[PDB]
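The chains referred to below are lettered A, B, ... by the order of the sequence lines, with proteins before strands, and numbering in each begins at 1.
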Amino acid sequence: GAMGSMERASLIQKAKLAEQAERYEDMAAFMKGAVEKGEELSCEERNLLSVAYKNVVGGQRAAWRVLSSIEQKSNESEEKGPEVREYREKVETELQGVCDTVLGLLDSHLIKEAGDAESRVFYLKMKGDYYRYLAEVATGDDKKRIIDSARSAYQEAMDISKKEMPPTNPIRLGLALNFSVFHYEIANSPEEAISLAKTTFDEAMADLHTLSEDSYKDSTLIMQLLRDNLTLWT
Amino acid sequence: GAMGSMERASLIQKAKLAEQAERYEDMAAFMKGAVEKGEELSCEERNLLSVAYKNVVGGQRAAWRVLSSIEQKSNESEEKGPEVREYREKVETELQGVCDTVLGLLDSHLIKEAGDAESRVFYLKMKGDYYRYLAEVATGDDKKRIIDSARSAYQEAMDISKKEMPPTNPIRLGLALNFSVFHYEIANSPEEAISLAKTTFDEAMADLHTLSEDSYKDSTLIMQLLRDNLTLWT
Amino acid sequence: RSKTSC
Amino acid sequence: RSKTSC
Ligand SMILES: [Ca+2]
Ligand SMILES: [Ca+2]
Ligand SMILES: [Cl-]
Ligand SMILES: [Cl-]
Ligand code: NA
Ligand code: NA
Ligand code: NA
Ligand code: NA
Ligand code: NA
Ligand code: NA
Ligand code: NA
Ligand code: NA
Ligand code: NA
Ligand code: NA
């Protein structure tokens, strides 16, 4: 790896600088380098890893959707050759590579070394997320296996989070948010999506009274995202 | 070049797709490939080239400014090691490489083949712009030579534009806008900057009566940028 | 678009 | 910031 010669602490420092500069590809490469040092990640470091790759793949997903839309309309229309498909495939391949890179870090060896609920649920949610992004562009022999890999990762994260975390825990809340979107957008299960979002929201609401002002603000922010989706879906 | 096997028309088509997807690095590489086919560029193609690299270097410049600010404050303050300087240098080197790439395309062989005023002024303005971006990060033996290269390119573009184009021509207007910013920001000549912006604005104002509604809208848009700068500078 | 975690 | 051509 090109980051093999840089100190772990320097990689983390530069990841934070890249975030300030909105240089998310750099941020991701720095955090990949930090993971490959082989030590477990702190809570702050896990969030840096997640922020970096979320922004990178977020840009690719947005680009893929633009190009897929153009491609779909070309198939309704004058023939303009292979270029739209070719370029959509280029972006798609780059997106799949980023997802594969993240899943590779989780499998070698973040998940197996993660024993606390807060780290294990975090990494399993990430595994579900990046299989979900693969599922968004999948159209082949393994779309179903990709979907089941996302579901399986989310399900394991859910089981742990329900046993080990309070209903207002932001990681638990963000996991349930994303699993409900998986149900609605990927798994063709809108009723499951709605049920999970409601139940998650209501159980968090009943636990808010236990929280500090600052934790209350953290939890209600994510609860509002559940509410926004319920309003869109119903 | 990795674009050597792709048709010129396909590169142009994909540049337009990348723009729609906000994939400006891809856009720039496609347009670099198109230039290297060796044929002159149409007006629309010149604008694609300019849009692509402007967005790429624009992101690098914004990142460089964030990091330079952090570096300047570190030099006022607890010692945190070489990482800020190192990463600022990384971004700086990548920015200089993009500028060098653009200047290389202009020198091999866009400018020498450009005979019409609209193309020659366009390319010379671009040469001034990318030397100006080099000047923004220069701090060495050749900061002065870089500044004089920007000035010389802008000056040649100005001389042609005044002889060959009307005062409302958007290329002429955008050239004068950027040369005035060169004077204010790079050359420590705010009075020259103000004089050029005013004169440019006033001469365009007196020529608006000759224009269609659509050309009037094109010219007044750029005249407003001159006005915005005069308001900031005075 | 459905919202996912920030 | 001074504005340059779009
Ligand atoms: Ca452990
Ligand atoms: Ca010619
Ligand atoms: Cl392509
Ligand atoms: Cl670096
Ligand atoms: Na070390
Ligand atoms: Na370890
Ligand atoms: Na075509
Ligand atoms: Na617990
Ligand atoms: Na509704
Ligand atoms: Na050809
Ligand atoms: Na030629
Ligand atoms: Na340090
Ligand atoms: Na003329
Ligand atoms: Na003023």
Side-chain angles (χ1 to χ4, degrees), chain A residues 1-60 94 97-130 133 153 157 160 169-171 174-175, chain B residues 59-60 63-64 66-95, chain C residues 5:
Chain A
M3 301 303 167
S5 59
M6 207 187 304
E7 290 275 19
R8 187 184 188 283
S10 305
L11 288 159
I12 298 304
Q13 188 182 349
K14 293 182 187 182
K16 289 170 187 178
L17 292 172
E19 184 182 25
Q20 292 179 259
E22 287 167 54
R23 295 267 299 196
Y24 293 109
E25 182 175 54
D26 289 349
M27 196 185 177
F30 289 140
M31 286 313 299
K32 177 176 192 280
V35 168
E36 291 175 346
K37 301 296 178 189
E39 302 284 348
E40 293 183 37
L41 302 180
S42 70
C43 181
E44 177 174 13
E45 295 163 355
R46 296 193 292 272
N47 286 109
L48 289 167
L49 177 71
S50 178
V51 168
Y53 278 109
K54 184 57 165 58
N55 275 278
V56 170
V57 83
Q60 298 171 319
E94 187 193 286
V98 169
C99 291
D100 286 346
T101 291
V102 171
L103 293 167
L105 296 175
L106 295 167
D107 200 49
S108 306
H109 297 277
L110 289 169
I111 288 170
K112 67 170 57 62
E113 299 186 353
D116 293 353
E118 291 68 33
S119 61
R120 191 164 189 83
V121 173
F122 188 96
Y123 292 134
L124 283 169
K125 175 190 174 285
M126 192 175 310
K127 184 175 185 173
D129 286 342
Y130 284 86
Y133 308 147
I160 297 167
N169 179 283
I171 300 161
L175 166 61
Chain B
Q60 298 171 319
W64 185 93
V66 166
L67 298 170
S68 184
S69 179
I70 296 171
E71 191 184 10
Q72 299 153 240
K73 303 181 53 181
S74 80
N75 294 128
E76 282 186 331
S77 296
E78 200 57 49
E79 169 60 30
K80 284 343 191 164
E83 288 89 355
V84 170
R85 173 187 55 76
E86 285 170 352
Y87 186 46
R88 190 265 302 157
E89 284 175 351
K90 182 184 154 162
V91 173
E92 185 171 300
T93 298
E94 187 193 286
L95 184 155
Chain C
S5 70

Would A:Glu25 and A:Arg23 count as a side-chain contact (heavy atoms from CB on, under 4.5 Å) here? Give the steps.
CA-CA 6 Å; A:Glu25 182 175 54; A:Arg23 295 267 299 196; over 6 Å; no
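The minimum heavy-atom distance linking A:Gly33 with A:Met3 is given by the pair CA-CB, 3.8 Å. The shortest heavy-atom contact between A:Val57 and A:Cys99 is CG2-SG, 4.1 Å. Contact detail for A:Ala157 and A:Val121: the closest heavy-atom pair is O-CG2, 3.8 Å. Heavy atoms only, all atoms of each residue included: B:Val84 and B:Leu67 are closest at CG1-O, 4.1 Å. The shortest heavy-atom contact between A:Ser5 and A:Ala2 is OG-O, 4.4 Å.
For B:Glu71, the salt bridge (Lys or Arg N to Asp or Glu O under 4.0 Å) partners are B:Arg88, not counting sequence neighbours. Partners of A:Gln60 according to the side chain to side chain donor-acceptor pair (under 3.5 Å) rule, which considers only residues two or more places apart in sequence or in another chain, are A:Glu94. B:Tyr87 is linked by a ring pair (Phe, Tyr, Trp, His ring centres under 6.0 Å) to A:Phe30, counting only residues two or more places apart in sequence or in another chain. With sequence neighbours excluded, the residues that form a side chain to side chain donor-acceptor pair (under 3.5 Å) with A:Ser10 are B:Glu83. Among residues two or more places apart in sequence or in another chain, the salt bridge (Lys or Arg N to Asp or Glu O under 4.0 Å) test is passed with A:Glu118 by none. Judged as a side-chain contact (heavy atoms from CB on, under 4.5 Å), and not counting sequence neighbours, the contacts of B:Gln72 are B:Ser68, B:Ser69. Listed by chain and residue number, nothing satisfies the side chain to side chain donor-acceptor pair (under 3.5 Å) test with A:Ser119 (two or more places apart in sequence, or in another chain). Contacts of A:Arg120 classified as side chain to side chain donor-acceptor pair (under 3.5 Å), with partners at least two apart in sequence or in another chain: none. Residues that satisfy the ring pair (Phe, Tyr, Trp, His ring centres under 6.0 Å) test with A:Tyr130, not counting sequence neighbours, are A:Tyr133.
In this structure, CG on A:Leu41 lies 9.5 Å from CG on A:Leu105, to the nearest 0.5 angstrom. Taken from CD1 in A:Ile160 to CD1 in A:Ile171, the straight-line distance is 11.5 Å, to the nearest 0.5 Å. Note: B:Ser74 OG to B:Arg85 CZ = 10.5 Å, rounded to the nearest 0.5 Å. One distance of note links CG of A:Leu103 with OH of A:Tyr53; it measures 11.0 Å at 0.5 Å rounding.
With no hydrogens or angles considered, no side-chain donor-acceptor pair links A:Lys54 and C:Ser5 at under 3.5 Å.
Under the 4.5 Å side-chain criterion, counting only non-hydrogen atoms from C-beta, A:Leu11 is not in contact with A:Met31. The closest side-chain heavy-atom distance from A:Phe122 to A:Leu175 is not below 4.5 Å. Inter-residue side-chain proximity for A:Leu17 and A:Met27 is flagged as unmet; no heavy-atom pair is nearer than 4.5 Å. In this structure the side chain of A:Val102 never reaches within 4.5 angstrom of the side chain of A:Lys127, judged on heavy atoms.
For residues 6-18 of chain A, the salt bridge (charged side-chain N to carboxylate O under 4.0 Å, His left out) pairs, not counting sequence neighbours, are A:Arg8-A:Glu45, A:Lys14-B:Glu86, A:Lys16-A:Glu44. Among pairs with a residue in residues 30-40 of chain A, those fulfilling side-chain hydrogen bond (donor to acceptor under 3.5 Å, both in side chains) read A:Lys32-A:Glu36, at least two apart in sequence or across chains.
Between the side chain of A:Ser50 and the backbone N or O of A:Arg46, no donor-acceptor pair lies under 3.5 Å.
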Would you list the atom pairs, donor with acceptor, under 3.5 Å between side chains in residues 107-114 of chain A and any protein atom, with sequence neighbours excluded?
unit_1   : atom_1 : unit_2   : atom_2 : d
A:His109 : ND1    : A:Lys112 : NZ     : 2.9
A:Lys112 : NZ     : A:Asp107 : O      : 2.9

